[PDB]
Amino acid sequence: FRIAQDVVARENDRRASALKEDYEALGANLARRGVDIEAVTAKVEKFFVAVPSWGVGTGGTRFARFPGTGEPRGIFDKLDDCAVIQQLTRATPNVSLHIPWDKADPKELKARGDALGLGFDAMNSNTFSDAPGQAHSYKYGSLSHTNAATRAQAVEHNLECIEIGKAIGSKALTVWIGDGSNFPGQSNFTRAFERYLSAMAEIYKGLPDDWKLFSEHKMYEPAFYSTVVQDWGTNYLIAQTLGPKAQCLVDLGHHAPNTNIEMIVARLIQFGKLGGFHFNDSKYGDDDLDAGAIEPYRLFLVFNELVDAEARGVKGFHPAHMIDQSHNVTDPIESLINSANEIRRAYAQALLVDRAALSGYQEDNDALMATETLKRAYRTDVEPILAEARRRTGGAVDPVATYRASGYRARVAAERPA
């Protein structure tokens, strides 16, 4: 165990009394509202979100990167750190890998994962940067590059990601590329998209039937004029064109200012193309900040659509959940811990919505009560439920407090080169 069990027990005992008081109080409040707190905690204990291997190390901007102490070197150190997040929150049993950054012996990866109590989520291909010894540069694109050999190289790389994923237990390939243009006229919009579609079709041919192929849209960056997979509309066309196993991945920070993202989620669900989510928060662009740190209500509204879907009985609805963030000014482990917590927080609150009451207010066009019905759920402080779920499943009542009391950061700082 990355974190000593005695430290976990000690820090849980220190806060056990208060938690009992808060949990029983919330339990009584919920019972008065016709909700069984135990039913909610039971569901919360089953909600999982994948952590990004590339998010365990300190992130940076084009201006600078300010690493902290004990930075993980390689995927093995990263898995060790991810193990801490799972142990304390119990909400991140799976890790999402990025190739070639995390390329290593599949048997070893799988072996280390099993030892750490971690599984592997969707693989992530990388054709938005050049690796050492690469034959063709992705400077002007990859899967949609004008040069056939470059597209071929990109397709092969993606197929390799599938091979690695199959060996470790992954069940999906997420494809996000920077392909686009920085100048009007640089790219022929339609021809570029045609090349992309043809390349993805080749990747789709190599996709196992138990896998999903996720395409991720993004309005801009690295391309600053146009992007091939720029929004959910183009993304839908891609998924629909490719096949039943192809779906769209929605990253919260990849939309134009003021976009109603939760509606995008609902539309994709209605047409069976909501592959999964990339959680994070933002205020200006693709800021990649800790989930819920900027607009917690928006996060709740997205989950409201997810919970409504299940309520409406949508079949085969098992969207993938992943955190896609960059931690530039905090301890990556702490941020991922609290981000995973915020995701479960939004989910739990969405579970509290009185669906029957809401349905009634929507049908009668009682906008005020309809919105207040959502607010009654959102305003509820579900921390006691989150903390109890962790406590009952081997985690920490207060993950960050236990993390800091363990001295893990100082430990790995002493074991890893500065």
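So that there is no doubt, residue numbering starts at 1 and follows the sequence shown.
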(request) Report the stretch with the higher mean CA temperature factor, choosing between 189 to 197 and 163 to 171 on the basis of the entry. (result) 163 to 171
(message) Tell me which stretch has the larger mean Cα B-factor in this entry, 147 to 155 or 342 to 350.
(response) 147 to 155
(request) Name the one of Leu213, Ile261, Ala122, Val314 with the greatest CA B-factor according to the PDB entry. (result) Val314
(request) Just grab whichever of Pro244, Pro319, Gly233, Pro296 has the top CA B-factor as deposited. (result) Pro319
(message) Please place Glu383 in the lowest, middle or highest third of its chain according to the CA B-factor in the PDB entry.
(response) lowest
(request) Would you mind checking where the Cα B-factor of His255 ranks among the modelled residues of its chain, as the lowest, middle or highest third? (result) lowest
(request) Would you mind ranking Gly178 by its C-alpha B-factor against the rest of the chain and naming the third, lowest, middle or highest? (result) lowest
(request) Comparing against every modelled residue in the chain, figure out the third that the C-alpha B-factor of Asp331 lands in (lowest, middle or highest). (result) middle
(request) Taking the values exactly as deposited, rank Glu45 by C-alpha B-factor within its chain and report the matching third: lowest, middle or highest. (result) highest
